[PDB]
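Here the structure comes first, spelled out in C-alpha cells, and everything after it is commentary.
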Amino acid sequence: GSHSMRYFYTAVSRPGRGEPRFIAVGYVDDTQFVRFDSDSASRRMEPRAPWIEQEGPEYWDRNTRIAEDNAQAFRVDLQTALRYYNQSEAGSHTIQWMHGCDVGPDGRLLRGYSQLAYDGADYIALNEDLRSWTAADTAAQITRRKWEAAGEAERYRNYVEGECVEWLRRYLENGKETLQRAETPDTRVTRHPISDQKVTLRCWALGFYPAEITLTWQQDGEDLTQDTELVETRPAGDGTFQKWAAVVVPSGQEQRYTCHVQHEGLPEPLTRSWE
Amino acid sequence: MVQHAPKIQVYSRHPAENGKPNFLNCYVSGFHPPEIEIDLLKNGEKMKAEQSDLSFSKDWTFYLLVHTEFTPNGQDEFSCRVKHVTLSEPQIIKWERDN
Amino acid sequence: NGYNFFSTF
C-alpha cells in the first residue's frame, strides 16, 4: 500500500508559432488532482480532484506562481540546450521533468526522485540518495556542475524530506474517500465464435483502481507461459481503468479455460470462467 | 530528434448498448514529439471533445486521452483521427463495440 | 504542493 506524489512537466518550443507551451500535471498515485497549461484560458493552477478544491485561495496562488516560475526556468532551459547541441533555432524541441516522493506502508518517506529529459533522451537525474546527480552526456555534465554549485540537490532534498511527504499524507487523508480505497475490477468472460471449430474467449476487467492489474490465462488450471493477445491498460475516463485478455479455444471445451486476475483491491486472486 | 509512433485505442467507458448514451474514448500513447492532432469523428464529422492533460510514461513517451459523449449504434461510424510527424498519413481508427 | 526550481541549464 505504497503511495506517491508526482509532478509531470512539459516544455515545448514552437519557433515562429509563438511562445513555448508549458504543461504541468499533478498526481497522487494514479489520480490527477491539479493542472497547469500555458495555452489555457485561466493561466492559473486548476483543481482536478474533489478533495483538492478544498484548499484555500493562497494555495492556488502559490502553486500558480510555482508553475509559472518553472515555466520561465524551462523557457531559458530550452534556449541553453539549443546552444549546447548547436541546434538550429528553427526546429521545435522538448524538455520533460518528473519529480516526486513516495511514502511507505507505515507512512514514512520511502523514495524521492527528480528526472529530466531533452528531446525524449535522458539528460539528468537526481540519484536515489537525493545528494548526487547523474548526467547523460557532456552538455548535461555542464548542467550538473552548475546545479552542484547552486546546491539544487540539497534544496530539493529538503522539499522531499519536509514538504512533499507532509502534503502527501494530507491529500491521502482528505482523499481517503477516493484515494485510500482500491476499486475492485468487474470481471466477465465473453465468447465470440470465429468459425465452427474455434472460438475467442475474452477476459474483461473494467472499472478498477489503481491501474496495476495482472490478467493470466489458464487451461485445465495450468498457466500460459507465452504471450497472449491483450491490450495495454487504458483509462475508462472517470478515474477507473480497463484491460482485456483474449485466447482462441476450440468450440465446446470452453470449460477447460479459466482467467486468473491479480489486483490490489482483491484480497485473494479472482478466478473467472465463461458463464 | 527522438521520434515515437502513436499507439491508439478506441473504446467506450461502459459496454455499448444501442441508443444508450455513453463516453467515446480515444487513448493515444507512446508518442514523441508531443505536438499531435487528435480528433473524434462521427460519420467523418468533427465532434467537440475535451482533451485530457498531457503526461508521459517512464520511457519519456507521451499519452493523451480524448473523450466525448456519444450514442452507440450500428448506423453511425465513430472513429479517432490522429495526425503526427511519425505518420506518413493521418491514420483513422474505427470504433467497434465488442472491442 | 509543487516545487520551485530556480537553477537552470
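Within each chain, counting starts at residue 1; across the C-alpha cells, chains are named A, B, ... in the order shown, with ligands numbered 1 upward in that order.
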
Check: What lies within 9 Å of segment 15-26 of chain B using only C-alpha atoms, ignoring chain neighbours under 4 positions off, as an MDAnalysis selection string?
Finding: (chainID A and resid 235:237) or (chainID B and resid 8:11 38:40 64:74 78:80 95 97:98)

When the cut-off is 10 Å and we count only C-alpha atoms, which residues of chain A are near chain B, given as a VMD selection string?
chain A and resid 7 to 12 14 23 to 26 32 34 to 37 91 to 98 115 to 122 190 192 202 206 to 207 231 to 238 240 to 242 244

Exercise for the section: Run DSSP on the backbone and grab whatever in segment 89-218 of chain A lands in helix (DSSP H, G or I); send it over as a ChimeraX atom specification. Expected result: /A:138-149,152-174

Output file for the selection above: N, CA and C atoms, as a compact mmCIF listing (two decimals), in the first residue's frame:
```
# COMPACT_ATOMS: atom_id res chain seq x y z
N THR A 138 27.91 15.12 -22.14
CA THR A 138 28.83 16.21 -21.78
C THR A 138 28.14 17.55 -21.52
N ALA A 139 27.03 17.79 -22.21
CA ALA A 139 26.23 19.00 -22.02
C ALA A 139 25.46 18.96 -20.70
N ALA A 140 25.01 17.76 -20.33
CA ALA A 140 24.30 17.55 -19.07
C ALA A 140 25.24 17.61 -17.88
N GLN A 141 26.52 17.34 -18.13
CA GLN A 141 27.56 17.43 -17.10
C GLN A 141 27.88 18.87 -16.75
N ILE A 142 27.77 19.76 -17.74
CA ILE A 142 27.90 21.19 -17.51
C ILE A 142 26.74 21.68 -16.65
N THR A 143 25.55 21.19 -16.96
CA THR A 143 24.36 21.47 -16.15
C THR A 143 24.55 20.93 -14.73
N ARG A 144 25.13 19.73 -14.63
CA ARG A 144 25.36 19.06 -13.35
C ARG A 144 26.21 19.89 -12.40
N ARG A 145 27.36 20.34 -12.90
CA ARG A 145 28.31 21.11 -12.10
C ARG A 145 27.71 22.44 -11.64
N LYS A 146 26.89 23.04 -12.50
CA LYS A 146 26.19 24.28 -12.17
C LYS A 146 25.18 24.09 -11.05
N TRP A 147 24.52 22.94 -11.05
CA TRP A 147 23.50 22.61 -10.06
C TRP A 147 24.11 22.18 -8.74
N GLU A 148 25.33 21.65 -8.80
CA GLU A 148 26.06 21.25 -7.60
C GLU A 148 26.62 22.48 -6.88
N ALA A 149 27.01 23.48 -7.67
CA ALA A 149 27.47 24.76 -7.13
C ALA A 149 26.30 25.56 -6.55
N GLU A 152 21.34 22.75 -5.66
CA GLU A 152 19.99 22.32 -6.06
C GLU A 152 19.61 20.97 -5.46
N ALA A 153 20.58 20.05 -5.40
CA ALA A 153 20.39 18.73 -4.81
C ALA A 153 19.98 18.84 -3.34
N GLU A 154 20.66 19.71 -2.60
CA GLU A 154 20.35 19.95 -1.20
C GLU A 154 18.99 20.62 -1.03
N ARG A 155 18.65 21.51 -1.96
CA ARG A 155 17.41 22.29 -1.89
C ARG A 155 16.17 21.47 -2.23
N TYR A 156 16.31 20.51 -3.14
CA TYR A 156 15.21 19.59 -3.43
C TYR A 156 15.08 18.53 -2.33
N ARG A 157 16.21 18.07 -1.81
CA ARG A 157 16.24 17.08 -0.74
C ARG A 157 15.45 17.54 0.49
N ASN A 158 15.54 18.83 0.80
CA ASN A 158 14.78 19.42 1.90
C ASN A 158 13.28 19.39 1.65
N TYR A 159 12.89 19.63 0.39
CA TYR A 159 11.49 19.62 -0.02
C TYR A 159 10.85 18.24 0.09
N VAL A 160 11.50 17.23 -0.48
CA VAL A 160 11.00 15.85 -0.44
C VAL A 160 10.91 15.34 1.00
N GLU A 161 11.96 15.60 1.78
CA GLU A 161 12.02 15.15 3.17
C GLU A 161 11.01 15.88 4.05
N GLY A 162 10.82 17.17 3.78
CA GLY A 162 9.91 18.01 4.56
C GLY A 162 8.53 18.14 3.96
N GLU A 163 8.40 19.03 2.98
CA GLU A 163 7.10 19.43 2.42
C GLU A 163 6.37 18.31 1.66
N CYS A 164 7.04 17.76 0.65
CA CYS A 164 6.43 16.76 -0.25
C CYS A 164 5.67 15.67 0.50
N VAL A 165 6.36 15.03 1.44
CA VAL A 165 5.80 13.96 2.25
C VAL A 165 4.64 14.47 3.11
N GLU A 166 4.81 15.64 3.73
CA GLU A 166 3.77 16.25 4.57
C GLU A 166 2.47 16.54 3.82
N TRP A 167 2.58 17.03 2.59
CA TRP A 167 1.41 17.31 1.76
C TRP A 167 0.76 16.02 1.25
N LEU A 168 1.58 15.00 0.99
CA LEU A 168 1.09 13.70 0.51
C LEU A 168 0.17 13.03 1.53
N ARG A 169 0.59 12.99 2.79
CA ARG A 169 -0.24 12.46 3.89
C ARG A 169 -1.56 13.22 3.98
N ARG A 170 -1.48 14.54 3.80
CA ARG A 170 -2.64 15.43 3.86
C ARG A 170 -3.65 15.12 2.76
N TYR A 171 -3.17 15.02 1.52
CA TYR A 171 -4.02 14.69 0.38
C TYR A 171 -4.64 13.30 0.53
N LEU A 172 -3.83 12.34 0.99
CA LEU A 172 -4.30 10.98 1.23
C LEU A 172 -5.44 10.95 2.23
N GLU A 173 -5.27 11.66 3.35
CA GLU A 173 -6.28 11.72 4.41
C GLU A 173 -7.56 12.41 3.94
N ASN A 174 -7.41 13.59 3.33
CA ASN A 174 -8.54 14.31 2.74
C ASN A 174 -9.18 13.53 1.60
```

*Interface, chain C side, toward chain A (6 Å; only C-alpha atoms) as a list in words*: residues 4, 5, 8 and 9 of chain C

query: Can you list every residue in chain B that DSSP puts in strand (DSSP E or B), as an NGL selection string?
result: :B and (4 or 7-12 or 22-32 or 37-42 or 45-46 or 50-51 or 55-56 or 62-70 or 78-83 or 91-94)
